[PDB]
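Remarks on the structure that follows.
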Amino acid sequence: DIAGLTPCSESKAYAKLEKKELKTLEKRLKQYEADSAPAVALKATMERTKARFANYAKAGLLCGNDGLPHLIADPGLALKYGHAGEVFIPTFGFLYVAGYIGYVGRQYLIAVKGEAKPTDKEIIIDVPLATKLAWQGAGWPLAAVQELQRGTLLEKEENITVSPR
Amino acid sequence: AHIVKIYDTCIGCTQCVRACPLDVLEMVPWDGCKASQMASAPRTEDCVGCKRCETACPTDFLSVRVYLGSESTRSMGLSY
Amino acid sequence: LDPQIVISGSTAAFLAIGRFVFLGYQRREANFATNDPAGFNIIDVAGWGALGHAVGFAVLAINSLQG
Amino acid sequence: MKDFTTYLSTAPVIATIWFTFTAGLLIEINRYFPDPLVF
Amino acid sequence: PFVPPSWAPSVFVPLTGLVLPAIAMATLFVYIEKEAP
Amino acid sequence: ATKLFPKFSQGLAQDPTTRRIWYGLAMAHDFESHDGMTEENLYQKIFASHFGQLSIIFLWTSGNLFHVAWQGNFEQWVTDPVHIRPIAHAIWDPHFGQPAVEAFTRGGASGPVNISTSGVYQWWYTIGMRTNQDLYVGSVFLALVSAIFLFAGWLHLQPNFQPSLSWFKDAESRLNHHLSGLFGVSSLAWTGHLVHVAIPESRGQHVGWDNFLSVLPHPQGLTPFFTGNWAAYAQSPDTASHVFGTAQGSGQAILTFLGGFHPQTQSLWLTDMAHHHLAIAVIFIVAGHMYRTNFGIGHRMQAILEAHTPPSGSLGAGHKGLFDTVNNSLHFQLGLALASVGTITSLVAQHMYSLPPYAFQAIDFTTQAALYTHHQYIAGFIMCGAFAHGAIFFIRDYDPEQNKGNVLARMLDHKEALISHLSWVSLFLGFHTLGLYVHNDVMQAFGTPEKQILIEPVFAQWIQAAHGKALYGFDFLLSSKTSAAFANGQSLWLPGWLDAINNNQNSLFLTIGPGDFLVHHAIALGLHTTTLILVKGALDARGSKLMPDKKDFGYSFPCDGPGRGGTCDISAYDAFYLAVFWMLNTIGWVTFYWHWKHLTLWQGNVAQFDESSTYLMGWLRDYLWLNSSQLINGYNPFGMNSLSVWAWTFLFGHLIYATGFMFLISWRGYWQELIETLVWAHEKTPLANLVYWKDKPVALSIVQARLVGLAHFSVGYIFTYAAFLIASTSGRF
Amino acid sequence: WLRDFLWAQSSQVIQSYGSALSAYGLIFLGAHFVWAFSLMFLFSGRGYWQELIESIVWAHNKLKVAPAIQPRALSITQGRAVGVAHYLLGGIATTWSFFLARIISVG
Amino acid sequence: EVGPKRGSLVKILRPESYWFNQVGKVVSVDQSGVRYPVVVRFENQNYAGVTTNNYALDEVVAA
Ligand code: CLA
Ligand code: CLA
Ligand code: CLA
Ligand code: CLA
Ligand code: CLA
Ligand code: CLA
Ligand SMILES: CC1=C(/C=C/C(C)=C/C=C/C(C)=C/C=C\C=C(C)\C=C\C=C(C)\C=C\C2=C(C)C[C@@H](O)CC2(C)C)C(C)(C)CCC1
Ligand SMILES: CC1=C(/C=C/C(C)=C/C=C/C(C)=C/C=C/C=C(C)/C=C/C=C(C)/C=C/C2=C(C)CCCC2(C)C)C(C)(C)CCC1
Ligand SMILES: CC1=C(C/C=C(\C)CCC[C@H](C)CCC[C@H](C)CCCC(C)C)C(=O)c2ccccc2C1=O
Ligand SMILES: [Ca+2]
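Chains as they are written, first to last, in the deposited numbering: chain F, 63 to 227; chain C, 2 to 81; chain G, 32 to 62, 87 to 122; chain J, 1 to 39; chain I, 68 to 104; chain B, 2 to 734; chain A, 645 to 751; chain E, 34 to 96.
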């Protein structure tokens, strides 16, 4: 559709690749008796291969002349043409998890900083406190906005060290 | 010869003088610090540039500073 | 478009606008003795005159392209 | 026991446990949802 | 037209890359080893 | 005692070791550091040095013209430029064996010769050169030009001819002349050559100093030019059936805007290039009348800069004090020139390959490859030099009090932010660009190529569509036949341009896919990382938290000793040294991409690059391993072929590259102790102890070793790739 | 040596993708990587890294995410030890992948 | 008794100091006329491993 690509569902190269892959697995399945554990394993890989080629096509992925799925990363083209589960949604999923890790770690460092030996709490992890922050990190995005709006997220330049210039 | 300089920040710890492996420094009477003594560099011609004095200097920033300069047989620490 | 007419008119127009309109602004921006009352020296003529020639040739050039 | 739990709270131990947990979680997911290319 | 003879390389290549280098190296080494009056 | 060399530094002249010889050669062009140096003498020395550089360049060009006219086959290549291989020069090696003589005998025989990959044959042919007499005369002229610049160099340094510092500081006058004359008049003179000689030669008419006056460039003469009927000059251009160099299909136009390429030569039209130089010549000549020199009109650069201050205080004092900052800093001036020339050099590489200006250049794959790689590597070194001089500027010329509140001082005030952000970008590109290649390699290894991450370069494809390419179906601007941008230019260049941009056999906007996406992010990784290293060096050149007084030690110093945790490679010079590795890595990636994409296009199977470029095993096996067979077979137990010199050079580069590793990994201390043992051995050896050294033998210095190692590393890098590039392209085509 | 040994016998490791020796191909590339990664430590000095860390520490200070345990560049000796380790690991692993893929295929 | 109070927290103003724009504790102020009488102790060590330094009255400010 976009970029002159073609649905994997209608690509002939996509179909030939699936046959090529299953024919390698079948050429090997022969040297073994039907119930032999080797045979069972090659069969389960063949079933997994058939499901992948079918699942990828059903997801409406586009395929290039190579017969391989290409991912659409433009938010505009992805939303208008049904390709948002390829890069857009993954982006907000990762950003949530990555911010989760960052906000929890920042909250931990801030908590241990007011202790007697912060350095000790960095080599020996205060597990109970760490677990508490780990659970409270689900609402980090709203907490990060509320900190950004109170002006408590950043540090005053006057309190940050710098070189002579 | 390398340029060795002492700064008013000197506290008269004498550590640089004890660390020097070529006797380029010594302690002279002074009135700027509590120790009433300040480091001096009267034999810089024998300095090689090891910078051990700077490693021994505990002030922030260093009170003794070495600037590598013209190279001689003594500056290159050559026994030949 | 008569070549002689286009250029001749173009040069005169720029010389006039530079002698009765932008002379003050240019002088202020500027922050060859001329007996001209507004002190329009020859170098000033060369400048505005050049502008006029360029604009004139441009008009004739595009007109020669017939559109 | 308190000292033993403090040793289990040491950076390397917690890292091994946390990374083993995270790796396991990802492996199991790919074991039940194989070949996940798109959402 | 501005064409050197066939022997040119048979002579120019030897001179430039062997003879001239030796002459250059000789004078250069002398100057460096020379000391200021 | 005090030796004579070097005369510019008594310090070095009083050094009793071998270091004096190395440092005397290494610090000869650093005039500012020479003993008794004054600003005026600094400028006069540079002025004379610049005349010396010009003399060398013109002799280099004269030398090139002479060897082609004396040992090459220009008069044979012109007859058949499609099948005749250009000769660079003859080979006279007495170490050669009879087989090697035969393998190197070619291009019309005439003895062993080297084929030329420089592209001068297509260049001189396009500019009207047709005979060895023409080449010979040009060689003489350029040799004469070299001698004049060498004399001018000598004279402008003699008394009564030594320009004053004020003359060197007359910025407004120098820029007016360089824009109007050096750039504008030169381009105008070139338009005259193209119209009076090159175009007639392309149409089969000889036009030389013998008949140029009795020959009319256009049948209507200059009447159209002075009457304003300029369009007349565009009437009747060469047709698609024009056989270059003959009147067959030849027109009469002198200035056109056809666009695209000549059908047979696959290069740009001479009439389009004549009109190009005429238009840019007019622009430059006008631009050269902007600054005030002596006639009461013009701009004062200081007044311009002083006026550019945002009213909201977003840029502090704006550009206040920058006039004097730039005018008094040659390092600042050199930093800008290198940064500009370096960017322009890369543009030359990108435009010359995509829009070939010389006839029969796009068919010479070897020359196309050589020119792009050569200019991209020279560009990389120049960019590195630009930042190096920016760091030197900050340490030697930057005066904080005279730049208080200005944009320059603001930069220093947020250097941590600038560096930390360049660090973040580099990290992101590195983790993701590497992660996607590795994911793809694992998917290829596990036999699942449909599972690899292949992001389409939609944003670039959208730009290509905008330029006319319809392969992507975006349908907009030049790709849309109902667009205004399409209609307005339909009677001008679009037709020729659209034909070329829609032809998938040239290099005009090649088709791009997921492989091109990954390599482009790799290029972005290299550009940001190399900039991070260079920028960090310039911003921290005057000081850091680890060394707050770095400015008192200068641009290049070994270190500050093992104290404070260790301070190896803390100087700004050390930053440049580290950046060169990243620059070579960047130009390596860019040149690999260009060569592989062209090798596949030239072979006629773009699919190979499209399917193998998405994983690094594909690059190693389908580009490096596969294209190295013929080269490594240049010489073997069964004999040798013309590719023997390249096989020998390929290995020669690997040796120099590895020799650099010794100066880069092993450090002085170890070597100094080894030499001391040798000094004992020489003095204790009978007869040998009779001869002695004038310079006490010592290990190379720390800074010297880093330079010698980087040089060996850089030379092997270039020699190895150059040997592989030429051999792979020439042997395969 | 380069042509008839390295280039000719590398065919097995470079063509192992899609088979059981595919791991040797991945390790062959991964080992070339670790070896090149060692050159960063072997050719550089801690003075440059310490300063770069200073600007990174600034960003962590600005967002109040700077660690109590002060980040420091590796010691000079550690820099040398890390470089040699990755050099030997990468180089020996590369020969390992080349040797095993080659021998198992043409054994 | 010139100088900041002992035990008080002050911010360093010496630009070349590792603790510039950082806060330390006033160990003691030398009433004798020494160039730098304020002894300040810091929790974070400098690159040399030192955690104390002397500063002039002007080089320090209550913070
Ligand atoms: C970050 C770099 C980047 C780049 C290079 C592009 C590039 C592009 N985007 Mg875009 N986009 C981006 C980020 C980017 N986008 C982000 C972060 C978002 C989230 C809001 C979007 C949301 C978006 C939408 C909703 C649309 C595009 C569309 C497009 C294509 C045409 C848009 C245009 O005219 O100019 C380039 C655009 C930008 C430089 C920035 C954002 C795009 C603008 C805001 C959309 C305006 C599109 C406009 C209607 C032109 C298309 C007309 C018609 C075909 C719809 C183009 C190839 C259009 C498209 O082709 O859809 C089929 C479309 O409608 N983008
Ligand atoms: C609380 C943990 C934490 C947080 C919130 C941040 C935040 C940030 N870092 Mg960072 N960093 C961290 C840890 C952290 N870092 C560690 C442990 C290291 C040593 C490897 C680094 C090394 C590092 C570098 C070299 C750089 C940053 C940079 C940055 C900034 C740019 C965004 C970025 O993340 O780049 C990417 C950061 C990384 C890839 C480092 C990954 C660190 C892991 C994933 C965090 C885990 C922390 C800890 C184990 C969790 C403890 C939880 C607790 C309950 C026990 C950003 C503000 C960049 C910057 O300065 O931009 C301005 C930059 O160049 N960091
Ligand atoms: C018409 C007046 C005029 C002209 C023609 C020149 C010309 C020149 N001056 Mg100059 N100058 C002038 C007036 C003039 N000056 C005045 C009035 C002053 C006093 C204020 C000065 C003060 C001055 C100084 C202090 C210096 C010069 C220098 C130079 C030389 C620059 C060297 C160079 O870069 O190569 C030539 C540069 C060009 C040809 C510009 C074009 C570059 C483009 C980017 C290349 C593109 C080419 C094309 C696209 C592709 C080519 C393909 C193929 C042909 C290869 C140059 C030849 C320098 C010098 O002395 O060198 C010896 C220098 O130091 N001048
Ligand atoms: C118009 C261009 C230009 C100009 C006029 C200058 C001018 C200057 N530079 Mg400079 N520079 C430039 C471009 C330029 N540079 C570029 C493009 C780079 C990036 C590579 C650099 C990088 C650079 C650095 C890092 C330094 C300078 C320095 C200097 C100053 C003194 C150094 C010197 O010249 O001593 C003499 C120079 C040499 C003796 C050259 C050294 C030998 C090298 C390794 C070349 C050897 C190659 C070898 C022949 C290969 C053999 C192969 C063969 C066997 C086949 C001087 C004022 C130095 C400085 O700032 O002063 C303190 C310094 O530190 N430059
Ligand atoms: C193949 C060799 C190699 C590699 C891979 C790198 C990589 C890198 N260099 Mg580098 N460099 C090299 C050679 C190399 N260099 C050489 C020879 C020199 C000359 C001495 C330099 C000089 C140099 C300088 C001066 C600088 C860099 C910088 C960087 C970083 C730039 C930011 C980035 O891209 O983040 C991307 C991150 C990666 C590519 C690493 C991938 C993540 C790993 C592999 C995943 C973890 C694997 C697994 C989970 C755990 C493995 C360990 C195991 C024992 C548990 C980057 C990581 C800059 C920097 O420091 O960044 C701020 C910089 O300042 N380099
Ligand atoms: C390919 C790279 C390379 C090369 C060629 C060498 C070569 C050498 N290393 Mg070395 N080394 C290297 C990399 C390299 N190393 C690296 C990366 C490291 C870091 C670990 C080291 C660390 C190291 C140490 C610690 C030591 C050496 C030592 C030596 C020397 C051993 C004695 C010897 O064999 O003398 C003979 C010379 C050769 C075998 C070189 C062959 C050159 C050819 C055959 C000669 C051709 C000459 C030619 C015709 C001249 C005319 C040219 C023309 C232009 C005029 C030797 C010259 C040892 C030493 O100092 O010597 C005792 C020593 O202790 N190396
Ligand atoms: C809260 C949080 C943290 C974050 C802290 C801070 C201050 C982060 C700073 C963010 C800043 C200053 C961002 C500045 C500019 C960002 C810009 C201009 C955004 C660019 C994004 C663009 C253009 C979008 C691109 C696309 C979208 C729509 C999504 C995908 O489809 C992919 C793509 C590229 C097409 C801490 C502490 C690191 C801890 C953790 C949690
Ligand atoms: C005095 C007076 C008067 C007036 C008079 C007059 C009449 C004046 C005028 C004068 C003039 C009459 C002026 C003019 C000028 C012009 C010029 C100065 C021009 C120039 C040109 C140019 C510069 C051109 C260039 C170019 C070429 C060459 C080529 C193409 C392109 C172009 C066109 C661009 C009056 C009565 C009012 C009053 C009283 C007195
Ligand atoms: C890159 C490099 C560095 C920088 C290298 C560093 C800082 C090593 C980085 C080690 C880790 C990544 C730092 C943090 C380790 C944490 C324990 C990781 C925790 C993160 C969780 C996910 C576990 C030097 O310090 C150096 C010194 C001397 C010569 C060369 C070099 C050199 O090349
Ligand atoms: Ca002719």
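Ideal Cβ positions, reconstructed from N, Cα and C, are used throughout, including at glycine.
* Comparing the C-beta of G566/B with each C-beta of chain E, is any distance below 8 angstroms? -> yes
* Ordered along the chain, which non-local residues of its own chain (more than five positions away) have a Cβ less than 6 angstroms from that of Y636/B? -> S645 and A648
* Does DSSP classify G669/A as helix, strand or coil? -> helix
* Residue(s) in a DSSP beta bridge with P69/F -> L124/F
* Would you please state the rounded distance, in angstroms, between the beta carbons of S41/C and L26/C? I believe it to be under 8 angstroms. => Going by Cβ atoms, the distance from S41/C to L26/C rounds to 7 angstroms, so yes, they are a contact pair.
* By Cβ distance, which residues of its chain are closer than 7 angstroms to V426/B, with the 5 residues on each side in sequence left out? -> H529
* To do: Using a Cβ cut-off of 8 angstroms (strictly closer), state whether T228/B contacts chain G.
  => yes
* Is the segment 715-732 of chain B touching the segment 658-666 of chain B in the sense that three or more CB pairs, one from each, lie closer than 8 angstroms? -> yes
* Asked: Any idea what DSSP makes of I456/B, helix, strand or coil?
  -> Assignment of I456/B by DSSP, reduced to helix, strand and coil, places it in the strand class.
* Asked: Does the beta carbon of residue 65/G sit closer than 8 angstroms to a beta carbon anywhere in chain B?
  -> In this structure residue 65/G is absent; chain G steps straight from 62 to 87.
* Asked: Span of the alpha helix (DSSP H) holding residue 744/B?
  -> Outside the displayed span of chain B (2 to 734) sits residue 744/B, for which this structure offers no information.
* Bounding residues of the alpha helix (DSSP H) (the contiguous stretch that carries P152/F) -> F150 to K175
* Asked: At what residues does the beta strand (DSSP E) containing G57/E begin and finish?
  -> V56 to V62
* Please state whether DSSP places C54/C in a helix, a strand or coil. => helix
* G448/B CB to nearest chain A CB: under 8 angstroms? -> Contacts with chain A at 8 angstroms (Cβ-Cβ) include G448/B.
* Asked: Any heavy atom of ligand 5 closer than 7 angstroms to the Cβ of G431/B?
  -> yes
* To do: Would you kindly report the start and end of the unbroken alpha helix (DSSP H) that includes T587/B?
  => Unbroken alpha helix (DSSP H) run through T587/B: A573 to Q604.
* In or out: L120/G buried (at least 16 other Cβ within 10 Å) or exposed? -> So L120/G ends up on the exposed side.
* Best match in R724/A, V657/A, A667/A and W693/A for proximity to residue 752/A [C-alpha to C-alpha] -> This structure gives no information on residue 752/A, because the portion of chain A shown stretches from 645 to 751.
* To do: Please list the residues of the segment 69-95 of chain E that have a C-beta atom closer than 9 angstroms to any C-beta atom in chain B, keeping them in chain order.
  => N79, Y80, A81 and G82
* To do: Examine chain A for any beta-carbon lying closer than 8 angstroms to the beta-carbon of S421/B, and answer yes or no.
  => yes
* To do: Quick one: residues in its chain with C-beta nearer than 8 angstroms to the C-beta of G50/C, no 5 flanking neighbours on either side, listed in chain order?
  => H3, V67, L69 and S76
* To do: Taking C-beta pairs closer than 9 angstroms, name the residues in chain E that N221/F reaches, listed in chain order.
  => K44, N54, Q55, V56 and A96
* To do: Quick one: give me the first and last residue of the beta strand (DSSP E) that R397/B is part of.
  => It is not in any beta strand (DSSP E) - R397/B carries neither H nor E in the DSSP assignment.
* Where DSSP assigns a beta bridge to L133/F, which residues make up the other side? -> Paired residue(s): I456/B.
* Quick one: what does DSSP say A410/B is sitting in, helix, strand or coil? -> helix
* **9 angstroms Cβ cut-off: residues of chain I touching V141/B** => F69
* Contact test: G193/B Cβ vs ligand 1 heavy atom, cutoff 7 angstroms -> no
* Asked: If we call anything under 8 angstroms between Cβ atoms a contact, is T367/B one with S731/B?
  -> When the beta-carbon positions are compared, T367/B and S731/B come within less than 8 angstroms of each other.
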